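Colleague: Let me begin by handing over the structure; questions about it come next.
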Amino acid sequence: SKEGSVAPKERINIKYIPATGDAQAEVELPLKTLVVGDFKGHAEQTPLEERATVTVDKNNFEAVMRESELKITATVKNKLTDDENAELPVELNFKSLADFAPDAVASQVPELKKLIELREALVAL
Amino acid sequence: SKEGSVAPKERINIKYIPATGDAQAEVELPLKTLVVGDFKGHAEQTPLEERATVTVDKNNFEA
Amino acid sequence: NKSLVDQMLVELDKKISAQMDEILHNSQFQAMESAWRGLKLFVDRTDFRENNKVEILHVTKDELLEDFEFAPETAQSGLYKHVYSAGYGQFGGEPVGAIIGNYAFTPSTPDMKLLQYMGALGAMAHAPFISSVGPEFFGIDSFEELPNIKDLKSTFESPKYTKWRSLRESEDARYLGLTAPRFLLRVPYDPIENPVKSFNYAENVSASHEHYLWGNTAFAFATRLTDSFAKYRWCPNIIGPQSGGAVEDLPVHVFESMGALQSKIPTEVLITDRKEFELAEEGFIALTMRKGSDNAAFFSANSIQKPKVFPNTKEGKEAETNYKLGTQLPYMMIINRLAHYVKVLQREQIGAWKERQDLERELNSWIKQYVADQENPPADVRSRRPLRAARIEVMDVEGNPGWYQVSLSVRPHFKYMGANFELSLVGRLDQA
Amino acid sequence: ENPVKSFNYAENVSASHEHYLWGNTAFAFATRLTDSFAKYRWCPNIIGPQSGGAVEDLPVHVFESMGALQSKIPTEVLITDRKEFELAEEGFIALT
Amino acid sequence: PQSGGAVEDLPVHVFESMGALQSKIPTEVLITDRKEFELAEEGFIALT
Amino acid sequence: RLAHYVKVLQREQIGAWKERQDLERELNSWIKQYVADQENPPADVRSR
């Protein structure tokens with residue numbers, strides 16, 4: 001209760017009352033923006049009215065990506081050989097922005113990962 | 001639609017309305033001229049009412 | 001011997017990088033990356049301690065249309081529920097300040113229809129919808145041919161743009177804003193400028209600049225809105241190099257030219273003042289690049305809406321003045337926040353003993369809060385108190401006791417947005 | 001949040017919200033009438049957040065959502081302004 | 001046009017002409033003022 | 001040019017609630033737009 005409590009009436013009654021006069025207190029409104037876009041590699045089966053919004057800030061941005069679960073199934077030209085009919089299909093997964101670095105790309109693509117392993121073996125000479 | 005959209009009626013309704021009063025908006029009319037003449041070396045078989053006009057300006061005269 | 005081993009490593013990495021380019025230059029991959037990278041670029045330039053918030057809603061353009069076409073009316077759309085119903089129209093809730101759509105629009109009828117619906121939604125919620133324009137909108141392959149366009153005004157006379165022309169005449173167009181060229185999000189990978197671990201990767205951008213990780217300018221514009229609010233709790237300071245429409249700290253990329261060196265422009269092109277003005281006339285928000293720097297600026301934020309012409313009389317010119325203010329986002333943002341404050345604060349007053357003149361008295365005392373009617377208030381004061389004058393009239397809804405009809409009209413401080421100068425040499429001039 | 005003696009009882013509300021002990025809103029409205037009278041000896045101050053139609057101190061109940069947390073709304077639903085107005089037009093007293 | 005007899009938002013259809021482009025008129029024809037008036041005189045309601 | 005402006009702008013007004021004196025009022029306010037009835041307006045003003 002926001003009314004303020006008082007004791008039962010006596011001959012002498014003392015009450016603290018804040019002198020705000022008739023001033024109407026007010027609430028500051030935040031500036032909220034809504035970013036709408038294709039943040040995944042596929043459309044969702046859930047209806048627009050059912051899928052929920054996600055609050056994002058500096059202290060949880062990466063957490064949000066992790067929870068959103070990103071995945072890319074795609075095919076690129078296979079240039080590790082000399083055949084125009086050679087194609088390479090990859091299945092990339094992302095938890096944070098660091099996962100878009102070439103370092104991560106290689107680690108999630110065996111066809112390159114093994115070549116990196118080779119590189120290290122050659123360096124070890 | 002040029003009507004302007006509003007939400008369904010509630011206890012408090014807020015709408016932006018531009019104060020143009022009763023002023024009647026108007027459209028500026030271009031000055032268009034029609035140059036009619038024998039621009040080819042021969043008459044066309046196409047009827048006058050069928051042959052069309054060509055819009056010409058500095059950026060396409062040669063075209 | 002080792003020298004040959006090193007050469008093996010060179011050729012190995014050469015081959016690996018050739019493949020790596022294909023993934024990193026994959027359109028699906030870049031779509032994903034640019035979305036999230038651009039999002040962070042926005043997020044980490046805001047300040048959440050200043051009562052700024054942002055929510056993510058995953059939606060494709062296609063399924064936006066699906067929903068808007070599926071529903072019988074916009075008031076029953078899923079997006080309407082997320083924006084209006086669960087916010088602005090909810091006691092105890094909060095209203096969405098603005099909507100940033102990570103999309104590129106063409107002149108296609110589907111794109112036009114989508115904009116129509118977003119205009120309606122924004123109008124109802126009192127929040128602008130900002131997004132971007134695709135290169136093909138101007139009939140060109142990429143934004144790098146904008147210098148070859150001789151006249152945009154004449155370009156838009158084509159039958160191709162019929163629907164767009166009608167869109168610009170709608171009263172809902174005030175809540176639409178579209179931006180022009182994109183901007184770089186990432187400097188190409190480089191042993192010196194942007195190195196990676198282990199693998200000696202050197203990213204090779206080809207002749208196609210679409211190999212660069214371009215980002216959606218709408219987000220840049222969004223940070224402009226945030227900064228203004230963070231400082232003043234109002235959003236009009238978003239249209240100038242010094243006023244707050246300046247985008248600082250863009251990515252750079254020096255590379256070999258014709259034996260010389262040059263940097264890839266952060267925006268696809270270096271927009272000239274005349275070209276920028278042309279785009280402004282056609283209702284586009286062009287982020288222009290400051291030549292030779294890493295800074296860009298929004299010189300104005302006109303909405304989609306086309307200004308109406310009135311008769312050249314005292315009254316007619318006043319009508320023009322009024323209508324043009326409506327067509328520009330720096331002023332509409334003032335109205336939008338006012339709408340939001342009225343909705344909230346008035347609901348608190350429902351059930352109070354108010355007679356007609358009680359509302360006039362109170363509403364007057366309230367609006368004065370944001371008025372700076374001094375002879376010459378400093379720009380800082382003008383920023384936090386955007387209004388110069390305001391007028392309120394309250395009438396009764398006849399035959400319905402307790403209901404009122406309120407009219408609120410305001411005169412904002414004006415932004416400096418252009419001028420003509422006449423220079424003249426003169427003898428016997430009065431001495432200053 | 002609401003312990004009992006000896007027996008380690010944890011009440012399990014199922015998918016049916018009728019497991020919650022719902023109460024008749026008429027009583028809430030009745031207290032509105034009482035407050036107005038207690039203060040003024042008249043009963044018109046019963047229709048506003050500030051005027052006296054505000055019901056303060058409702059029960060709350062935070063529980064797991066889809067991996068997040070949420071509180072059971074004190075009223076079955078979160079009534080929107082438009083929905084409330086509709087109910088008003090049809091002569092209902094909606095506690096929002 | 002301003003009073004309320006205006007029909008807004010008709011379908012459009014740009015297609016190739018004689019090497020140019022043109023849109024199929026939303027109504028079968030582009031009625032002239034004189035033609036419209038004639039139809040009015042004969043008791044027809046012509047959407048122009 | 002006056003003929004051209006009248007033709008265009010009047011078609012927009014068709015179907016509006018206009019009584020005889022309504023046209024006189026409005027048409028007067030319209031034509032004033034192009035009138036320079038000053039003691040001595042400069043040639044530039046007289047031109048426009």
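Within each chain, counting starts at residue 1; across the structure tokens, chains are named A, B, ... in the order shown, with ligands numbered 1 upward in that order.
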Mind listing as a list in words which residues of chain C are within 7 Å of chain B, counting only C-alpha atoms?

Modeller: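 Close enough to count are residues 120, 123, 124, 169, 170, 171, 172, 308, 309, 310, 311, 316, 319, 322, 323, 326, 339 and 343 of chain C.
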
Colleague: For the residues in the current selection, export C-alpha atoms as a CSV table (one decimal), in the first residue's frame.

Modeller:
chain,number,residue,atom,x,y,z
C,120,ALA,CA,0.3,2.2,-41.3
C,123,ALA,CA,1.4,5.9,-37.8
C,124,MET,CA,-0.7,4.0,-35.3
C,169,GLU,CA,1.6,11.1,-51.4
C,170,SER,CA,0.0,9.1,-48.6
C,171,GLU,CA,-0.4,10.7,-45.2
C,172,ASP,CA,1.2,7.6,-43.7
C,308,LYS,CA,2.4,19.6,-51.0
C,309,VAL,CA,2.4,22.9,-52.9
C,310,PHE,CA,-0.1,25.6,-52.0
C,311,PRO,CA,-1.2,28.9,-53.5
C,316,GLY,CA,-1.0,29.3,-48.5
C,319,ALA,CA,0.2,25.8,-45.1
C,322,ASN,CA,3.3,23.5,-41.7
C,323,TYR,CA,3.2,20.6,-44.1
C,326,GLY,CA,5.5,17.3,-41.0
C,339,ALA,CA,2.3,11.5,-28.1
C,343,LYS,CA,-0.8,8.6,-23.6

Colleague: Would you tabulate, counting only C-alpha atoms, all residues of chain A that have an atom at most 6 Å from an atom of chain C, showing the closest pair of atoms and their distance in Å to one decimal, sorted by chain then ascending number, as a tab-separated table?

Modeller:
residue	atom	partner	partner_atom	distance
A:30	CA	C:51	CA	4.8
A:31	CA	C:52	CA	5.0
A:32	CA	C:53	CA	4.5
A:33	CA	C:54	CA	4.8
A:34	CA	C:99	CA	4.7
A:35	CA	C:100	CA	4.7
A:36	CA	C:57	CA	4.9
A:37	CA	C:102	CA	5.0
A:38	CA	C:60	CA	5.2
A:39	CA	C:58	CA	5.9
A:48	CA	C:78	CA	5.3
A:49	CA	C:78	CA	3.9
A:53	CA	C:57	CA	4.9
A:54	CA	C:56	CA	4.9
A:55	CA	C:55	CA	4.4
A:56	CA	C:55	CA	5.8
A:79	CA	C:19	CA	5.4

Colleague: Write out as an mmCIF file with C-alpha atoms, in the first residue's frame which residues come within 12 Å of residue 5 in chain A when counting only C-alpha atoms, dropping same-chain ones fewer than 6 positions away.

Modeller:
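Below is the file result34.cif, written as the result:
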data_model
loop_
_atom_site.group_PDB
_atom_site.id
_atom_site.type_symbol
_atom_site.label_atom_id
_atom_site.label_comp_id
_atom_site.auth_asym_id
_atom_site.auth_seq_id
_atom_site.Cartn_x
_atom_site.Cartn_y
_atom_site.Cartn_z
ATOM 1 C CA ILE A 14 1.437 13.865 14.540
ATOM 2 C CA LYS A 15 1.957 12.948 10.899
ATOM 3 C CA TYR A 16 4.772 13.502 8.432
ATOM 4 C CA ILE A 17 3.528 14.747 5.068
#

Colleague: Considering only C-alpha atoms, return as a PDB file with N, CA and C atoms, in the first residue's frame whatever protein or nucleic-acid residues lie within 10 Å of residue 31 in chain D, sequence-local ones (same chain, fewer than 6 positions apart) excluded.

Modeller:
ATOM      1  N   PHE D  37     -15.647   5.969   0.831  1.00  0.00           N
ATOM      2  CA  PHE D  37     -16.480   6.335   1.965  1.00  0.00           C
ATOM      3  C   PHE D  37     -15.664   6.633   3.212  1.00  0.00           C
ATOM      4  N   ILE D  46     -13.824   5.838  -7.269  1.00  0.00           N
ATOM      5  CA  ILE D  46     -13.560   4.424  -7.452  1.00  0.00           C
ATOM      6  C   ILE D  46     -13.169   4.045  -8.874  1.00  0.00           C
ATOM      7  N   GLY D  53      -9.533   3.960  -7.733  1.00  0.00           N
ATOM      8  CA  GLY D  53      -9.965   2.678  -8.274  1.00  0.00           C
ATOM      9  C   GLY D  53      -8.781   1.738  -8.451  1.00  0.00           C
ATOM     10  N   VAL D  55      -6.208  -1.055  -7.309  1.00  0.00           N
ATOM     11  CA  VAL D  55      -6.091  -2.206  -6.430  1.00  0.00           C
ATOM     12  C   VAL D  55      -4.618  -2.501  -6.208  1.00  0.00           C
TER      13      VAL D  55
END

Colleague: Near chain F, meaning an atom within 9 Å, which residues of chain E appear when counting only C-alpha atoms? Write them as a PyMOL selection string.

Modeller: chain E and resi 1-5

Colleague: Record the distance separating CA of residue 305 in chain C and CA of residue 157 in chain C, expressed in Å with one decimal.

Modeller: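 Interatomic distance here is 16.4 Å.
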
Colleague: Identify every residue of chain D that has at least one atom within 8 Å of any atom of chain C, counting only C-alpha atoms, and report the result as a PyMOL selection string.

Modeller: chain D and resi 45-51+79-82

Colleague: Excluding same-chain residues fewer than 4 positions from residue 53 in chain B, what lies within 12 Å of it counting only C-alpha atoms, as an NGL selection string?

Modeller: :B and (33-37 or 48-49)

Colleague: Got a sec to tell me which of chain E DSSP assigns to helix (DSSP H, G or I), as an MDAnalysis selection string?

Modeller: chainID E and resid 33:41

Colleague: Report the closest atom pair, with its distance in Å rounded to one decimal, for each residue of chain C that has an atom no farther than 10 Å from chain E; count only C-alpha atoms, sort by chain and then rising residue number, and write it as JSON lines.

Modeller:
{"residue": "C:109", "atom": "CA", "partner": "E:12", "partner_atom": "CA", "distance": 8.9}
{"residue": "C:158", "atom": "CA", "partner": "E:21", "partner_atom": "CA", "distance": 8.5}
{"residue": "C:159", "atom": "CA", "partner": "E:23", "partner_atom": "CA", "distance": 6.4}
{"residue": "C:160", "atom": "CA", "partner": "E:14", "partner_atom": "CA", "distance": 6.4}
{"residue": "C:161", "atom": "CA", "partner": "E:14", "partner_atom": "CA", "distance": 9.6}
{"residue": "C:162", "atom": "CA", "partner": "E:12", "partner_atom": "CA", "distance": 7.7}
{"residue": "C:163", "atom": "CA", "partner": "E:12", "partner_atom": "CA", "distance": 7.9}
{"residue": "C:166", "atom": "CA", "partner": "E:9", "partner_atom": "CA", "distance": 8.0}
{"residue": "C:167", "atom": "CA", "partner": "E:9", "partner_atom": "CA", "distance": 9.4}

Colleague: Take the selection from the previous step and output its residues with C-alpha atoms, as a compact mmCIF listing (two decimals), in the first residue's frame.

Modeller:
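Output file again_35.txt is given in full below:
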# COMPACT_ATOMS: atom_id res chain seq x y z
CA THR C 109 5.12 -4.43 -55.84
CA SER C 158 9.03 6.08 -65.43
CA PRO C 159 5.89 3.93 -65.19
CA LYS C 160 8.14 1.59 -63.21
CA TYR C 161 7.77 3.83 -60.17
CA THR C 162 4.00 4.36 -60.28
CA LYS C 163 3.32 2.72 -56.94
CA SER C 166 1.59 7.07 -54.93
CA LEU C 167 3.24 5.92 -51.71

Colleague: Distance limit 12 Å, atoms considered: only C-alpha atoms. Which chain D residues sit that close to chain B? Return them as a PyMOL selection string.

Modeller: chain D and resi 80-89

Colleague: Which value, in Å to one decimal, gives the distance between CA of residue 34 in chain D and CA of residue 56 in chain D?

Modeller: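 Separation between CA of residue 34 in chain D and CA of residue 56 in chain D: 14.4 Å.
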
Colleague: Rank B:42, B:32, B:58, B:51 by their smallest atom-to-atom distance to chain E, using only C-alpha atoms, and report the top residue only.

Modeller: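 Comparing B:42, B:32, B:58, B:51 against chain E, the winner is B:51.
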
Colleague: Using only C-alpha atoms, which protein or nucleic acid residues come within 10 Å of range 43-48 of chain E? Drop anything in the same chain fewer than 6 positions from it, and give the result as a list in words.

Modeller: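 Once the nearby chain positions are removed, what remains is residues 5, 6, 7, 26, 27, 28, 29, 30, 31, 32, 33, 35, 36 and 37 of chain E.
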
Colleague: For a test of reading the model, state the distance in Å between CA of residue 30 in chain D and CA of residue 77 in chain D, rounded to one decimal.

Modeller: 21.1 Å

Colleague: I want to know what sits within 7 Å of range 28-43 of chain F, based on only C-alpha atoms, with residues of the same chain fewer than 2 positions away left out; could you give that as a PDB file with N, CA, C and O atoms, in the first residue's frame?

Modeller:
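Final file, part_3.pdb:
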ATOM      1  N   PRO C 311      -1.139  27.648 -52.860  1.00  0.00           N
ATOM      2  CA  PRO C 311      -1.167  28.939 -53.503  1.00  0.00           C
ATOM      3  C   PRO C 311      -0.252  29.942 -52.831  1.00  0.00           C
ATOM      4  O   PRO C 311      -0.129  29.961 -51.609  1.00  0.00           O
ATOM      5  N   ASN C 312       0.378  30.793 -53.628  1.00  0.00           N
ATOM      6  CA  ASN C 312       1.354  31.744 -53.114  1.00  0.00           C
ATOM      7  C   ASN C 312       0.729  32.949 -52.429  1.00  0.00           C
ATOM      8  O   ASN C 312       0.824  34.074 -52.919  1.00  0.00           O
ATOM      9  N   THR C 313       0.102  32.706 -51.287  1.00  0.00           N
ATOM     10  CA  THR C 313      -0.523  33.750 -50.490  1.00  0.00           C
ATOM     11  C   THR C 313      -0.078  33.583 -49.055  1.00  0.00           C
ATOM     12  O   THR C 313       0.465  32.540 -48.706  1.00  0.00           O
TER      13      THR C 313
ATOM     14  N   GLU F  24     -17.678  32.100 -56.120  1.00  0.00           N
ATOM     15  CA  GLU F  24     -17.157  33.457 -56.189  1.00  0.00           C
ATOM     16  C   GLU F  24     -16.082  33.672 -55.142  1.00  0.00           C
ATOM     17  O   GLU F  24     -15.031  34.240 -55.436  1.00  0.00           O
ATOM     18  N   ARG F  25     -16.334  33.208 -53.927  1.00  0.00           N
ATOM     19  CA  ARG F  25     -15.363  33.373 -52.859  1.00  0.00           C
ATOM     20  C   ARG F  25     -14.040  32.710 -53.194  1.00  0.00           C
ATOM     21  O   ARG F  25     -12.986  33.345 -53.133  1.00  0.00           O
ATOM     22  N   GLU F  26     -14.100  31.434 -53.547  1.00  0.00           N
ATOM     23  CA  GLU F  26     -12.892  30.672 -53.806  1.00  0.00           C
ATOM     24  C   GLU F  26     -12.150  31.140 -55.040  1.00  0.00           C
ATOM     25  O   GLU F  26     -10.928  31.283 -55.006  1.00  0.00           O
ATOM     26  N   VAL F  45       8.590  41.556 -60.007  1.00  0.00           N
ATOM     27  CA  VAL F  45       7.297  41.192 -59.454  1.00  0.00           C
ATOM     28  C   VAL F  45       6.216  41.237 -60.510  1.00  0.00           C
ATOM     29  O   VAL F  45       5.359  40.357 -60.567  1.00  0.00           O
ATOM     30  N   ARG F  46       6.259  42.262 -61.350  1.00  0.00           N
ATOM     31  CA  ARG F  46       5.268  42.397 -62.404  1.00  0.00           C
ATOM     32  C   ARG F  46       5.349  41.216 -63.356  1.00  0.00           C
ATOM     33  O   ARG F  46       4.338  40.773 -63.894  1.00  0.00           O
ATOM     34  N   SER F  47       6.554  40.714 -63.574  1.00  0.00           N
ATOM     35  CA  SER F  47       6.737  39.548 -64.422  1.00  0.00           C
ATOM     36  C   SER F  47       6.105  38.294 -63.851  1.00  0.00           C
ATOM     37  O   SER F  47       5.366  37.600 -64.547  1.00  0.00           O
TER      38      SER F  47
END

Colleague: Per DSSP on the backbone, what are the strand (DSSP E) residues of chain A, as a VMD selection string?

Modeller: chain A and resid 31 to 37 54 to 55 70 to 77 87 to 94

Colleague: With N, CA and C atoms retained, export the selected residues as a PDB file, in the first residue's frame.

Modeller:
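And here is the file that came out, part-v2.pdb:
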ATOM      1  N   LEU A  31      13.951   5.125 -24.370  1.00  0.00           N
ATOM      2  CA  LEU A  31      13.893   5.073 -25.819  1.00  0.00           C
ATOM      3  C   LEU A  31      14.142   3.646 -26.241  1.00  0.00           C
ATOM      4  N   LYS A  32      13.083   2.948 -26.620  1.00  0.00           N
ATOM      5  CA  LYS A  32      13.248   1.562 -27.017  1.00  0.00           C
ATOM      6  C   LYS A  32      13.126   1.405 -28.518  1.00  0.00           C
ATOM      7  N   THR A  33      14.104   0.748 -29.114  1.00  0.00           N
ATOM      8  CA  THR A  33      14.024   0.500 -30.539  1.00  0.00           C
ATOM      9  C   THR A  33      13.821  -0.977 -30.783  1.00  0.00           C
ATOM     10  N   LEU A  34      13.206  -1.289 -31.909  1.00  0.00           N
ATOM     11  CA  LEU A  34      12.967  -2.668 -32.276  1.00  0.00           C
ATOM     12  C   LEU A  34      13.686  -2.975 -33.573  1.00  0.00           C
ATOM     13  N   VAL A  35      14.666  -3.861 -33.507  1.00  0.00           N
ATOM     14  CA  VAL A  35      15.389  -4.239 -34.706  1.00  0.00           C
ATOM     15  C   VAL A  35      14.781  -5.504 -35.274  1.00  0.00           C
ATOM     16  N   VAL A  36      14.242  -5.387 -36.476  1.00  0.00           N
ATOM     17  CA  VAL A  36      13.573  -6.501 -37.122  1.00  0.00           C
ATOM     18  C   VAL A  36      14.379  -6.951 -38.327  1.00  0.00           C
ATOM     19  N   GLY A  37      14.688  -8.238 -38.405  1.00  0.00           N
ATOM     20  CA  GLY A  37      15.487  -8.697 -39.535  1.00  0.00           C
ATOM     21  C   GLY A  37      15.763 -10.193 -39.540  1.00  0.00           C
ATOM     22  N   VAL A  54      13.742 -10.404 -28.196  1.00  0.00           N
ATOM     23  CA  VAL A  54      14.857 -10.597 -27.277  1.00  0.00           C
ATOM     24  C   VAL A  54      15.527  -9.293 -26.881  1.00  0.00           C
ATOM     25  N   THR A  55      15.594  -9.025 -25.584  1.00  0.00           N
ATOM     26  CA  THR A  55      16.243  -7.811 -25.109  1.00  0.00           C
ATOM     27  C   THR A  55      17.756  -7.950 -25.174  1.00  0.00           C
ATOM     28  N   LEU A  70      23.045 -20.100 -34.180  1.00  0.00           N
ATOM     29  CA  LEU A  70      23.127 -19.805 -35.601  1.00  0.00           C
ATOM     30  C   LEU A  70      23.729 -20.965 -36.373  1.00  0.00           C
ATOM     31  N   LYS A  71      23.212 -21.206 -37.573  1.00  0.00           N
ATOM     32  CA  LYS A  71      23.730 -22.283 -38.404  1.00  0.00           C
ATOM     33  C   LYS A  71      23.633 -21.970 -39.889  1.00  0.00           C
ATOM     34  N   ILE A  72      24.696 -22.278 -40.624  1.00  0.00           N
ATOM     35  CA  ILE A  72      24.701 -22.085 -42.067  1.00  0.00           C
ATOM     36  C   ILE A  72      25.023 -23.356 -42.823  1.00  0.00           C
ATOM     37  N   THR A  73      24.039 -23.860 -43.554  1.00  0.00           N
ATOM     38  CA  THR A  73      24.275 -24.977 -44.453  1.00  0.00           C
ATOM     39  C   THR A  73      24.357 -24.424 -45.862  1.00  0.00           C
ATOM     40  N   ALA A  74      25.544 -24.474 -46.454  1.00  0.00           N
ATOM     41  CA  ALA A  74      25.723 -23.853 -47.759  1.00  0.00           C
ATOM     42  C   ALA A  74      26.785 -24.564 -48.577  1.00  0.00           C
ATOM     43  N   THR A  75      26.733 -24.358 -49.887  1.00  0.00           N
ATOM     44  CA  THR A  75      27.693 -24.971 -50.792  1.00  0.00           C
ATOM     45  C   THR A  75      28.492 -23.921 -51.545  1.00  0.00           C
ATOM     46  N   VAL A  76      29.806 -24.101 -51.561  1.00  0.00           N
ATOM     47  CA  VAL A  76      30.712 -23.189 -52.241  1.00  0.00           C
ATOM     48  C   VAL A  76      31.520 -23.939 -53.285  1.00  0.00           C
ATOM     49  N   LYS A  77      32.134 -23.213 -54.208  1.00  0.00           N
ATOM     50  CA  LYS A  77      32.979 -23.873 -55.190  1.00  0.00           C
ATOM     51  C   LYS A  77      34.167 -24.501 -54.483  1.00  0.00           C
ATOM     52  N   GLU A  87      32.264 -29.407 -55.794  1.00  0.00           N
ATOM     53  CA  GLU A  87      31.586 -28.476 -54.906  1.00  0.00           C
ATOM     54  C   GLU A  87      31.791 -28.887 -53.459  1.00  0.00           C
ATOM     55  N   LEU A  88      31.793 -27.908 -52.565  1.00  0.00           N
ATOM     56  CA  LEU A  88      32.040 -28.168 -51.158  1.00  0.00           C
ATOM     57  C   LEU A  88      30.886 -27.703 -50.283  1.00  0.00           C
ATOM     58  N   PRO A  89      30.271 -28.618 -49.544  1.00  0.00           N
ATOM     59  CA  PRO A  89      29.184 -28.256 -48.665  1.00  0.00           C
ATOM     60  C   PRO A  89      29.640 -28.189 -47.220  1.00  0.00           C
ATOM     61  N   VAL A  90      29.329 -27.079 -46.563  1.00  0.00           N
ATOM     62  CA  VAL A  90      29.755 -26.862 -45.190  1.00  0.00           C
ATOM     63  C   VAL A  90      28.570 -26.628 -44.267  1.00  0.00           C
ATOM     64  N   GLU A  91      28.777 -26.904 -42.986  1.00  0.00           N
ATOM     65  CA  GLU A  91      27.756 -26.713 -41.964  1.00  0.00           C
ATOM     66  C   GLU A  91      28.323 -25.893 -40.817  1.00  0.00           C
ATOM     67  N   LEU A  92      28.261 -24.575 -40.944  1.00  0.00           N
ATOM     68  CA  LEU A  92      28.891 -23.703 -39.966  1.00  0.00           C
ATOM     69  C   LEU A  92      27.961 -23.411 -38.797  1.00  0.00           C
ATOM     70  N   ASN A  93      28.534 -23.275 -37.608  1.00  0.00           N
ATOM     71  CA  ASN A  93      27.761 -22.990 -36.404  1.00  0.00           C
ATOM     72  C   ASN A  93      28.357 -21.804 -35.666  1.00  0.00           C
ATOM     73  N   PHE A  94      27.514 -20.920 -35.146  1.00  0.00           N
ATOM     74  CA  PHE A  94      28.065 -19.744 -34.486  1.00  0.00           C
ATOM     75  C   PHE A  94      27.451 -19.536 -33.111  1.00  0.00           C
TER      76      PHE A  94
END
